[PDB]
Amino acid sequence: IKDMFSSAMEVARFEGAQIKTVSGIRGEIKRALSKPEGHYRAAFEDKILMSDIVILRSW
Amino acid sequence: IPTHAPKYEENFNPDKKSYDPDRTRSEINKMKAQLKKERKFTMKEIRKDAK
Amino acid sequence: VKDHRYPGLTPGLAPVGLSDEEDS
Amino acid sequence: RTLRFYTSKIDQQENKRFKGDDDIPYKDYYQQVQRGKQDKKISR
Amino acid sequence: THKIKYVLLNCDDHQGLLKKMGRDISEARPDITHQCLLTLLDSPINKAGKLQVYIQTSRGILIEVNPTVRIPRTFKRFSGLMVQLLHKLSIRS
Amino acid sequence: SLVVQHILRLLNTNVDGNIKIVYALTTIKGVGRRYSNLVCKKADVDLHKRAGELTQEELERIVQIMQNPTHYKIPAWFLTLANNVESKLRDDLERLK
Amino acid sequence: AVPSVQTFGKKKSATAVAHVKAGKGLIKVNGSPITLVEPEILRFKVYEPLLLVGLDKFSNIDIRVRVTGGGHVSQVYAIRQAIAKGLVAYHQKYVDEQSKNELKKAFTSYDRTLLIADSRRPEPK
Amino acid sequence: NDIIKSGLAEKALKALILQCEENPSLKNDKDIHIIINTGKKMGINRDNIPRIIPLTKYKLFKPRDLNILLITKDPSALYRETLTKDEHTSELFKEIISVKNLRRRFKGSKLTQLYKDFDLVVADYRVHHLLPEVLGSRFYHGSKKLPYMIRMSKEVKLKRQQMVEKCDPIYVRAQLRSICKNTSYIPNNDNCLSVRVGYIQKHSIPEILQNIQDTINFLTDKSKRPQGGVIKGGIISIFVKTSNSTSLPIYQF
RNA sequence: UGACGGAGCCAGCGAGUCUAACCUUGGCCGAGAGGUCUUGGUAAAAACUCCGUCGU
C-alpha cells in the first residue's frame, strides 16, 4: 500500500492496525517497507484489486 | 634486495577509527552513523510502545 | 514502396535524394 | 645535446633506499507572455 | 596486546597488569623477538635475498615477515607496529 | 657479410614499443580500441606493426589525427541536510516521551 | 503393417521415446542424425550401443528418438537408454531370441544402466 | 513564407535564445520545438512510426554527429558483417544489435543507460513493431528518441514468394543522411503537434525561421500525402519553445 | 580456472475479467467538474559447448 503514510516511522505506530478496503475486505498493517518511504505491507483475507481504496478508521 | 618502510599510525586504537584525510568526509561519516543509530533506536522504541 | 505484412513502411519512410547517395 | 649534459648525467649516475643502520622516517517580451497565460487562466 | 589504549605487554613497563592476567612476568619479553628480528633482516643473507622469517607467537599466531621490511631500530616503535599488526592482521608499505 | 635493414612518447604518454600500435595506443586516456583502430586506418599505418617499428612521419600523422579529429572527419561520438534530518528525528524522539 | 517397436528411456526429468522399425540404418535424434548430437564431448556416450553390438545389426533398422526435458547430460543418458532398449525389443519381436540374448549379455556386460533405469531414490540413515 | 516575414517570429526566438542562457533550469534544454494547433482532429492514431519532413534549405544534422543504434532482424551476422566491412558504413553506427540480443542483454536500469548513450535509434522496419515492448516506455514517451524505421535493401516482398535477404550499404547510408538532416513528426488524434526545428548554438535565427516555413509547407501541402498534408483545415496558431521553457507564440489566426 | 562479442542448445514448478510507476513543460475543449494531446527528468533460463580478439 502507498499514500496512507508519509514515512516509515509513521507506519511503525500503526503496525497491526486494522484496515479495510471499499469492497469490505478486511486486513492488517504488517510491516513498514524500507523503500520507498511510507510504503507498507498488508495481508488481506482475500485478494484485493488495484481499483480498491484501502481505508484505516481512526478517531 | 629492495627495502621499504612500514606504514603505521602511532598510538593506534582499533576501537578508534582509521584517520581520514578529508575532514568533511570524516565529519559526514560521523553524522550518517549517528543518524543510523537514532533511526534504529527510535524505530525500535516506537514498535514496543505500539505493542 | 509497400509491404503487405507491415503497412507502417509506406508512411514515414526516409526519402532518398541524389545528394544523399553521393559520397562526402 | 651538448656533451657537457652527458657528463652531468654520468657523474649523477655514480652518486645515484635506507642502508646500513638507518631508521624509518619520523612523523522582457518573454515575461509578457508568462503573465499573459496566467492572467487568462486566472481571469477564467 | 591488552587495553589500558592497547599496548604490547612488556616485562618491565607492565608488571602489575600482567600479574592481573596471571601470566608470569619472566615470559613477557618481546624485546628478544625485536633483537632477533633486527639481526636476521640486517644480515647479508637477507640482503642476498635468501632468508625469510616466520614468527610463532606464544598465543599461537603465525606471522610471516616479507624479507623486504625494515623494522624500526628503537623498541618503542616496534611495539607500535605489533599491536597494529595483531589487530589489523596486516601492515602495508 | 653486409646486410643492413622500446618506448615512445605520444600525446604526453609513454607507450610501449613492444605492444601493437592499436592496443599500444589504447593506453592513452580518452581512446578506445575502436578509436585507435580508426586512427591507425586513417593514418595509413599497418595495424600489424609494433609500436616501436613506427617511423617519425607515421607518429606525426597519428598526432595530427588525434589533435584535429573534426578536420579529418572522425565520427563525433568517438570524440547540512543530514543534520536537519537528525534534528527532526530528535524532535520526534523527545516528543514521543 | 511394417514391424515397429517403441521404448522409453528416462534420466532425472529427461525422457526419450524411441521407435525402431524395419529400415536401412537411418538413425536420428530429434529429427537429426546422431553425429550432430551435443555436447560433442559426450557424443561417444550416445555411440556406446552402436559400437558395442556392431553397426551391422543396425544396418536393417531405422531408429527415431525424440527427447524432451532435463539437461544436456540427462538427455544423453536418456538417448542411449532408449536406443539400447529399442534395439533389444525389436530383436526380441522380429529377430531370433538368440540374438536378443547376445545383445542383452553384451549390454549388461558393459554397463547395466543401458537397460535398467538409474533412479537414485532417497534412503534415510 | 509569411511566417518568416512577420517580425513576431523573430522576436520570440530571440527572446527564447536569450532566456536559455540566463535561466539555470534551461541550461540543459538544447532543442527548439514548434507547437502547431491544427484546427480540427487529424484523426490519425499515434502509431509511434516517425514521418520525415524534408527541410530543403538547411540540414539539421549529419549522421557522423550523433550516436546511432541499429536494431536488425535476427541473425545480425549478415548485416553486422556487411555494414562493418564496407568503408562508407564502417564507422556509421555506434553499435549494431539484434532484437533478441537487445532483449536479453538490456533490461530494467540498463534500458535507461541505453537511452542516455544513444542519440538516434534506427531499426529495420520488420522489427520495429516489436521494439515497444523491448525498448520500454522511456524511449516511446516524449518522441525525442523514438525509433526511426529504415530498409536494409531495395528488394521488395511479393505475395507467395520469399524475400531475398541482402544488405545494401550505400542504400542504408542514404536513409540515415536523410533522417539526420531532415526533421520528423508523429501524428496523433488531437489538435497539437510538435516538430523539432533547430538546435541552440548551432542554428542561426534565420535558419530556424526558414526551417519552420519548410515544416509548415510540407505539413499543409496536400500533394505530399500520406507523409505530409495531414494538417487539413488550416492552422490556428504556432508556438516556439524548448523542452522546459514555456510556449512563445509566433503566429495566430 | 579472465574480459568483450557472436553462434548452438537443454528444464520444472505457476493460469482469479486478474499484474501493477513518480515528478514536470505547454496547446485545445469545457460554466464547472474534468477530458484529450504535447513535452523533459527520475525509478524500474543460467551453467554449458564452439568460434574470434586482448592479455595475466
# chains A, B, ... in the order shown; residues from 1 in each chain; ligands from 1
call {"tool": "residues_around", "arguments": {"residues": "residue 48 in chain B", "least_positions_apart": "4", "cutoff": "10 Å", "atoms": "only C-alpha atoms (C1' of nucleotides)", "output": "number ranges by chain"}}
result
A: 12-13; B: 43-44
call {"tool": "residues_around", "arguments": {"residues": "residue 29 in chain D", "least_positions_apart": "4", "cutoff": "9 Å", "atoms": "only C-alpha atoms (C1' of nucleotides)", "output": "JSON list (two decimals) with C-alpha atoms, in the first residue's frame"}}
result
[["chain", "number", "residue", "atom", "x", "y", "z"],
["D", 33, "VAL", "CA", 3.91, 36.05, -22.32],
["H", 11, "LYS", "CA", 11.18, 38.45, -31.69],
["H", 12, "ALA", "CA", 10.02, 35.25, -30.00],
["H", 15, "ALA", "CA", 13.61, 36.06, -26.53]]
call {"tool": "residues_around", "arguments": {"residues": "residue 34 in chain G", "least_positions_apart": "6", "cutoff": "12 Å", "atoms": "only C-alpha atoms (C1' of nucleotides)", "output": "number ranges by chain"}}
result
G: 25-28, 40, 42-48, 50, 63-66, 76, 79-80, 83
call {"tool": "select_by_dssp", "arguments": {"residues": "chain A", "states": "strand (DSSP E or B)", "output": "JSON, numbers by chain"}}
result
{"A": [18, 19, 20, 21, 26, 27, 28, 29, 30, 31, 32, 40, 41, 42, 43, 44, 54, 55]}
call {"tool": "write_last_selection", "arguments": {"atoms": "C-alpha atoms", "output": "compact mmCIF listing (two decimals), in the first residue's frame"}}
result
# COMPACT_ATOMS: atom_id res chain seq x y z
CA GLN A 18 -6.92 -2.92 11.40
CA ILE A 19 -7.73 -1.81 7.85
CA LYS A 20 -10.31 -2.48 5.17
CA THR A 21 -10.97 -1.69 1.53
CA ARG A 26 -10.56 -6.71 5.98
CA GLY A 27 -6.82 -6.59 6.55
CA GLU A 28 -3.91 -5.67 8.80
CA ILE A 29 -0.81 -3.49 8.57
CA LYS A 30 2.05 -5.99 8.69
CA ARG A 31 5.32 -4.09 8.35
CA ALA A 32 6.95 -0.95 7.00
CA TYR A 40 3.99 -0.82 3.87
CA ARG A 41 2.77 -4.39 3.54
CA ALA A 42 -0.71 -5.64 4.40
CA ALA A 43 -2.31 -9.07 4.29
CA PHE A 44 -6.00 -9.24 3.41
CA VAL A 54 -7.77 0.91 1.47
CA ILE A 55 -9.12 2.78 4.49
call {"tool": "atom_distance", "arguments": {"atom1": "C1' of residue 37 in chain I", "atom2": "CA of residue 121 in chain H"}}
result
24.1 Å
call {"tool": "residues_around", "arguments": {"residues": "residue 20 in chain C", "least_positions_apart": "5", "cutoff": "8 Å", "atoms": "only C-alpha atoms (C1' of nucleotides)", "output": "compact mmCIF listing (two decimals) with N, CA and C atoms, in the first residue's frame"}}
result
# COMPACT_ATOMS: atom_id res chain seq x y z
N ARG H 173 23.08 4.04 -45.93
CA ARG H 173 23.65 5.34 -45.59
C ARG H 173 22.79 6.46 -46.15
N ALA H 174 22.11 6.20 -47.27
CA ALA H 174 21.27 7.23 -47.88
C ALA H 174 20.12 7.62 -46.96
N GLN H 175 19.49 6.65 -46.30
CA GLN H 175 18.38 6.98 -45.41
C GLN H 175 18.85 7.75 -44.19
N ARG H 177 21.40 9.61 -43.69
CA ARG H 177 21.66 11.01 -44.03
C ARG H 177 20.36 11.78 -44.17
N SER H 178 19.35 11.17 -44.80
CA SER H 178 18.05 11.82 -44.87
C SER H 178 17.44 12.01 -43.49
call {"tool": "residues_around", "arguments": {"residues": "range 7-17 of chain D", "least_positions_apart": "4", "cutoff": "12 Å", "atoms": "only C-alpha atoms (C1' of nucleotides)", "output": "PyMOL selection string"}}
result
(chain B and resi 1-5) or (chain D and resi 1-3+21-25) or (chain E and resi 68-70)
call {"tool": "write_last_selection", "arguments": {"atoms": "N, CA, C and O atoms", "output": "JSON list (two decimals), in the first residue's frame"}}
result
[["chain", "number", "residue", "atom", "x", "y", "z"],
["B", 1, "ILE", "N", 68.55, -6.42, -2.20],
["B", 1, "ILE", "CA", 67.09, -6.56, -2.30],
["B", 1, "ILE", "C", 66.45, -5.22, -1.99],
["B", 1, "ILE", "O", 66.94, -4.49, -1.10],
["B", 2, "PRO", "N", 65.39, -4.80, -2.69],
["B", 2, "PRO", "CA", 64.75, -3.53, -2.34],
["B", 2, "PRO", "C", 64.21, -3.56, -0.92],
["B", 2, "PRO", "O", 63.81, -4.61, -0.42],
["B", 3, "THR", "N", 64.22, -2.40, -0.28],
["B", 3, "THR", "CA", 63.80, -2.25, 1.11],
["B", 3, "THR", "C", 62.75, -1.14, 1.21],
["B", 3, "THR", "O", 62.95, -0.05, 0.67],
["B", 4, "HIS", "N", 61.65, -1.43, 1.90],
["B", 4, "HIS", "CA", 60.54, -0.49, 2.04],
["B", 4, "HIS", "C", 60.18, -0.32, 3.51],
["B", 4, "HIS", "O", 60.31, -1.24, 4.31],
["B", 5, "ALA", "N", 59.69, 0.87, 3.84],
["B", 5, "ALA", "CA", 59.39, 1.20, 5.23],
["B", 5, "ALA", "C", 57.97, 0.79, 5.59],
["B", 5, "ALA", "O", 57.08, 0.86, 4.74],
["D", 1, "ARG", "N", 72.03, 17.06, -25.48],
["D", 1, "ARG", "CA", 72.52, 17.65, -26.72],
["D", 1, "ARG", "C", 74.02, 17.92, -26.61],
["D", 1, "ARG", "O", 74.83, 17.26, -27.26],
["D", 2, "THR", "N", 74.38, 18.89, -25.78],
["D", 2, "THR", "CA", 75.79, 19.17, -25.54],
["D", 2, "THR", "C", 76.45, 18.02, -24.80],
["D", 2, "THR", "O", 75.83, 17.32, -24.01],
["D", 3, "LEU", "N", 77.75, 17.82, -25.08],
["D", 3, "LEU", "CA", 78.49, 16.79, -24.37],
["D", 3, "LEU", "C", 78.50, 17.06, -22.87],
["D", 3, "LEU", "O", 78.49, 16.12, -22.07],
["D", 21, "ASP", "N", 72.29, 1.12, 8.84],
["D", 21, "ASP", "CA", 71.65, 1.23, 10.15],
["D", 21, "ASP", "C", 70.67, 2.40, 10.21],
["D", 21, "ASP", "O", 70.41, 2.94, 11.29],
["D", 22, "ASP", "N", 70.12, 2.80, 9.07],
["D", 22, "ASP", "CA", 69.20, 3.93, 9.04],
["D", 22, "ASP", "C", 67.84, 3.52, 9.59],
["D", 22, "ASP", "O", 67.51, 2.33, 9.63],
["D", 23, "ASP", "N", 67.06, 4.51, 10.03],
["D", 23, "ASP", "CA", 65.72, 4.28, 10.57],
["D", 23, "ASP", "C", 64.65, 4.73, 9.59],
["D", 23, "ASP", "O", 64.92, 5.40, 8.59],
["D", 24, "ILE", "N", 63.41, 4.37, 9.90],
["D", 24, "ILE", "CA", 62.26, 4.74, 9.07],
["D", 24, "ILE", "C", 61.95, 6.20, 9.34],
["D", 24, "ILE", "O", 62.36, 6.74, 10.38],
["D", 25, "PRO", "N", 61.25, 6.90, 8.43],
["D", 25, "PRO", "CA", 61.00, 8.33, 8.65],
["D", 25, "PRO", "C", 60.11, 8.57, 9.86],
["D", 25, "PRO", "O", 59.22, 7.76, 10.16],
["E", 68, "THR", "N", 61.56, -7.91, 2.63],
["E", 68, "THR", "CA", 61.77, -6.52, 2.26],
["E", 68, "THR", "C", 61.78, -5.57, 3.45],
["E", 68, "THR", "O", 62.45, -4.54, 3.39],
["E", 69, "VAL", "N", 61.08, -5.91, 4.54],
["E", 69, "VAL", "CA", 60.76, -4.92, 5.55],
["E", 69, "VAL", "C", 62.03, -4.38, 6.21],
["E", 69, "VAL", "O", 63.09, -5.01, 6.19],
["E", 70, "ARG", "N", 61.91, -3.20, 6.80],
["E", 70, "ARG", "CA", 62.94, -2.57, 7.61],
["E", 70, "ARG", "C", 62.28, -2.15, 8.91],
["E", 70, "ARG", "O", 61.67, -1.08, 8.99]]
call {"tool": "closest_atom_pairs", "arguments": {"of": "chain A", "to": "chain F", "cutoff": "12 Å", "atoms": "only C-alpha atoms", "output": "Markdown table"}}
result
| residue | atom | partner | partner_atom | distance |
| --- | --- | --- | --- | --- |
| A:7 | CA | F:89 | CA | 11.7 |
| A:9 | CA | F:92 | CA | 9.5 |
| A:10 | CA | F:92 | CA | 10.7 |
| A:13 | CA | F:96 | CA | 10.9 |
